Amino acid sequence: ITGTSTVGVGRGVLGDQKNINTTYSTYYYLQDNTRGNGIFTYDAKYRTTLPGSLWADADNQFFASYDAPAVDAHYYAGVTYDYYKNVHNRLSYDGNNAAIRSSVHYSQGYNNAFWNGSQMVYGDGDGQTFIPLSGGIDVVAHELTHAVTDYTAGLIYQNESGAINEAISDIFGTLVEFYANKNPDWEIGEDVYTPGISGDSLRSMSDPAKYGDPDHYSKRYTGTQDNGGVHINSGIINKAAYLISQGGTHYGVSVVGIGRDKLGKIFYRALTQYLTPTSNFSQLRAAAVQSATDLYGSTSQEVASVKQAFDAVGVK
Ligand SMILES: [Ca+2]
Ligand SMILES: [Ca+2]
Ligand SMILES: [Ca+2]
Ligand SMILES: [Ca+2]
Ligand SMILES: [Zn+2]
């Protein structure tokens with residue numbers, strides 16, 4: 001809608017207070033005009049019809065519990081936009097400042113979030129397995145990273161290429177979590193998963209096997225469920241990424257860490273320059289080695305650590 005840019009205040013899913021960019025025209029709308037062609041947040045009103053209604057509020061204060069998921073979807077979309085722009089010189093997901101749209105209150109008791117090819121969608125959770133999914137910045141950045149991948153490499157969402165697609169989303173969701181410095185870690189979804197149980201998460205990058213996901217290629221899932229294991233076999237790539245950043249010894253192979261900033265630069269280059277829709281794990285390894293070579297030279301420690309990390313998870 002057309003109106004005056006302003007700033008409102010509200011409380012997110014975890015009860016923290018934050019300022020959000022809104023637009024004023026009779027009502028105050030969750031429309032942020034300060035970032036590219038805008039960030040727009042919608043109310044799906046517990047239905048599955050999308051996008052729903054652009055979120056309208058009478059007083060620019062968003063402290064109702066119904067408001068919480070919208071506040072966080074809108075705010076964390078902004079943070080994720082800022083990360084891609086400031087760190088990777090990328091303007092929104094398509095690289096030309098496309099509008100970012102999110103709907104919250106999708107369906108009833110819906111325990112997931114997703115990018116649907118056009119926008120992000122967030123369930124409220126059922127209150128025991130999940131709380132509203134937009135409360136996790138690693139979740140928001142995971143989903144919007146799917147948009148980035150779709151516009152670049154185009155990795156198909158099945159088998160190894162789909163597992164790479166999901167790992168990339170976990171890797172950048174994590175890097176955005178560190179960027180915002182909100183109690184960052186190498187776990188996925190810990191802020192919105194099982195509000196009854198402290199210390200757990202949906203997936204772990206530092207130790208995927210903690211939740212039964214593979215941490216070595218010899219342990220890959222080869223069946224048909226979950227589109228050939230796209231959320232399962234991602235653990236193999238996630239572990240590799242964790243090793244490249246943080247270092248460690250894994251199945252007897254030692255990796256010297258090169259830190260988060262370089263991990264992001266190498267993977268962003270691989271993604272945007274070398275990966276294609278049908279890339280498999282072996283091709284990811286070559287793309288990552290070539291990226292590190294482009295950036296730091298073929299005899300660098302950075303290339304050495306990328307090779308060691310993939311040797312450690314059994315990807316040749
Ligand atoms: Ca209000
Ligand atoms: Ca965290
Ligand atoms: Ca996390
Ligand atoms: Ca929990
Ligand atoms: Zn995903």
Side-chain angles (χ1 to χ4, degrees), residues 6-14 17-20 22-24 26-30 41 43 54-71 74 80 93 111-117 119-123 125-150 153-158 161-174 176 183 185 187-205 210-211 213 226-235 237-238 271:
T6 189
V7 178
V9 61
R11 198 129 59 207
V13 168
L14 295 186
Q17 183 179 294
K18 63 241 291 178
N19 294 305
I20 52 199
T22 59
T23 292
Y24 176 63
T26 302
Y27 285 95
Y28 296 85
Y29 291 95
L30 293 182
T41 303
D43 187 2
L54 184 64
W55 194 286
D57 186 87
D59 63 8
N60 213 20
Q61 274 179 243
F62 300 82
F63 293 105
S65 68
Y66 191 77
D67 299 338
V71 170
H74 193 66
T80 303
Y93 55 82
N111 284 324
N112 218 324
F114 60 94
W115 166 260
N116 76 347
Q119 65 162 108
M120 306 176 276
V121 182
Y122 296 97
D126 59 17
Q128 300 298 122
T129 309
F130 280 100
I131 59 179
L133 279 97
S134 55
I137 188 178
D138 52 4
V139 173
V140 172
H142 173 111
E143 301 306 344
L144 193 62
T145 295
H146 281 308
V148 177
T149 294
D150 286 357
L155 293 153
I156 284 139
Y157 283 87
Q158 179 115 11
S161 56
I164 295 159
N165 190 325
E166 295 292 347
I168 295 291
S169 279
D170 285 346
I171 288 162
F172 285 100
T174 287
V176 171
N183 298 309
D185 51 47
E187 308 283 297
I188 304 297
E190 66 287 342
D191 286 341
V192 297
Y193 190 57
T194 61
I197 307 166
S198 180
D200 63 342
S201 69
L202 189 57
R203 291 186 284 280
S204 178
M205 302 181 70
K210 176 149 105 151
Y211 303 111
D213 295 329
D226 185 35
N227 295 114
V230 301
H231 299 99
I232 297 166
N233 293 326
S234 53
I237 306 305
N238 285 344
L271 180 67

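Throughout, numbering of the chain's residues begins at 1 and tracks the sequence. Note that ligands are numbered from 1 as they come in the structure, with each ligand's atoms numbered from 1 the same way.
The Zn ion (ligand 5) has an N, O or S atom of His146 under 2.8 Å away, backbone or side chain. For the Ca ion (ligand 1), the N/O/S atoms of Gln61 include one lying under 3.0 Å. In summary, no N, O or S atom of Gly196 is located under 3.0 Å from the Ca ion (ligand 4). None of the N, O or S atoms belonging to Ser201 lies under 3.0 Å away from the Ca ion (ligand 4). Counting backbone and side-chain atoms alike, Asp67 contributes no N/O/S atom closer than 3.0 Å to the Ca ion (ligand 1).
Ring geometry for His146 against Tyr157 counts as tilted: the plane angle lies between 30° and 60°, on a 0 to 90° scale.
Around the OH atom of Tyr27, the shell of radius 6.0 Å holds no more than 12 heavy atoms that belong to other residues, nucleotides or ligands.
Within the model, atoms CG of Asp150 and CG of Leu155 stand 9.0 Å from one another, a figure rounded to the nearest 0.5 Å. Taken from CD1 in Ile164 to OG1 in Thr149, the straight-line distance is 10.5 Å, to the nearest 0.5 Å.
The minimum distance between the Zn ion (ligand 5) and any N, O or S atom of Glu166 involves atom OE1. Looking at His142 and the Zn ion (ligand 5) together, the shortest N, O or S contact belongs to NE2. The closest approach of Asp59 to the Ca ion (ligand 1), by N/O/S atoms, is made by OD1.
A 4.5 Å side-chain heavy-atom check between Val176 and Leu144 finds every atom pair outside the cut-off.
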Output, in order, the C-alpha distance, side-chain angles, deciding distance and verdict of salt bridge (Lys or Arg N to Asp or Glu O under 4.0 Å) for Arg203 and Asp213. CA-CA 8 Å; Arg203 291 186 284 280; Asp213 295 329; 5.8 Å; no
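Between the side chains of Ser234 and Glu166, no donor-acceptor pair of N or O atoms lies under 3.5 Å.
To the nearest 10 degrees, the angle centred on the Ca ion (ligand 4) between OD1 in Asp200 and O in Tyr193 reads 130°.
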